[PDB]
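Okay, so here's just one chain, in structure tokens, the form deposited in one PDB entry.
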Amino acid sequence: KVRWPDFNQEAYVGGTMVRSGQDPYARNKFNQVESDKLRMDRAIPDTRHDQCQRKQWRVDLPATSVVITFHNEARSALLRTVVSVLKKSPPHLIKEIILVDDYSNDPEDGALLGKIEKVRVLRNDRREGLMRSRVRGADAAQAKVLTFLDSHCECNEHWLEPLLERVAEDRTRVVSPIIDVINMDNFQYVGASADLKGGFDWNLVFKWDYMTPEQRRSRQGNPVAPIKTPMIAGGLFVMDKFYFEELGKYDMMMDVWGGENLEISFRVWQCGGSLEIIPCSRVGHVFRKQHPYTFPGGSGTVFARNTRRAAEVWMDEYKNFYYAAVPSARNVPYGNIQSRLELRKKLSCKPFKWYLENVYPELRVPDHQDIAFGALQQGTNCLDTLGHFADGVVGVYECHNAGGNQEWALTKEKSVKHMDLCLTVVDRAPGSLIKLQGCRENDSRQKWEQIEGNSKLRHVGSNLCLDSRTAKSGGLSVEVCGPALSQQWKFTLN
């Protein structure tokens, strides 16, 4: 084997560099030319808080098996990740670095790195995705603690010890470093804000949440204290191996990418453990805006399938908010989840309601979906009853956004209603003024439908549209649908 300082990075990276004139973002969705310019052991800024250099950890920390899966990764980025682990970690704490080559196009990307000290390469015989790939690496791990890292990261000064200390003290703690930013355009390494936590909206997409005023205030005594987080980013974390196994590893039916970070986060919290972000542990990551690799069936479908598997097993009744926020997800088969449901039962996990109240109280539950009230706007004007009642005409007036005579509802029976009065086409003759009359389910004269991107109101069964061109001559009328500005009506919820 060769010690990493002696690895021929030039020969390794040189065999896949971007040709002149070719798109430097095509293969990885990050600038490969800039990644290739960097040395495998390039220096990076110490982004840690000053108090970190004084924080201590036990001497007898458990060694870890570092698992890095990868699929068509840029050679320079993959090598740099491996070297950062070897250079920035105490050798006695790195039992091995397991590279799981998830069926990359060129087997040499991984095989060539197998000559480096402590690197073990496991190539999947077929594409497996990150979930099954991480499990393969974990299953092969010989250490008592697992460390997962994406294949485009750069570990910082004393990044490992703070993480291991947490797990050595309590095996049920799943911890992650503050993830610094490696710019996808010019690869500069920049420190992430330390006032963040992992979170998500009801569309179940991971996002970074900024701490509330009180949370920041409470950390003034010790700014580098662990940060309990509702969710971990997903690709960078440390976990006791036996705990990873007994808690259920990963849902093996999840494919490619997405949703597994949500699943393990819910599972760990609901089933007794905890998730932490450790300020003194810093690791940079090349964040991208798009995945460069393929998703069988499309990324949208795969993400929805994986997410449904997580939601259907862990969120209880709250899963309905996900389907409300993401309608397209309801029509996505997700397969059998019995093994996971049984896992939850066996582990005697707490309900999702408990998770929301005790772990993520910041996430607000949305109101139930129902018919919405609002204004029908045209320019800066709003459909106005004019203060009229039955048999009276309607018109338009400057919107005041105070409801009242400008508040309407587009009902399911297709009426345009204000309280108990509805817009009525008393005369279909083009140019006829419409009138307000009591709403009746079986009055065909009160039926309207939105058309053209919900920008107009057409009387059902006719080619007549609500028109304000007669507003100064008696009130709104029905007119042959045409390109007139006077026929534009937008429903704004309020």
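Numbers follow the displayed sequence, beginning with 1.
- Judged by mean Cα B factor in the deposited record, 289-297 ranks above the other of 175-183 and 289-297.
- Of the two segments, 404-412 and 259-267, the one listed with the higher mean B-factor is 404-412 (C-alpha atoms only).
- Out of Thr81, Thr307, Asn105, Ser218, the entry records its largest CA B-factor for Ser218.
- Taking the PDB entry at face value, the top CA B factor among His152, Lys417, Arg134, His368 belongs to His368.
- Among the modelled residues of its chain, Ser468 has a C-alpha B-factor that falls in the middle third, as given in the PDB entry.
- Among the modelled residues of the chain, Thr47 sits in the lowest third by CA temperature factor in this PDB entry.
- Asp251: CA B factor in the lowest third of modelled residues in this chain (values from the PDB entry).
- In this PDB entry, the Cα temperature factor of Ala63 sits in the middle third of its chain's modelled residues.
- Annotation for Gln53: CA B-factor lies in the highest third of the chain's modelled residues.
Note that the form deposited in another entry isn't included here; everything after this is about it.
- Checked against the rigid-part motion between this form and the one not shown, the candidate from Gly221, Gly404, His368, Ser473 that sits at the hinge is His368.
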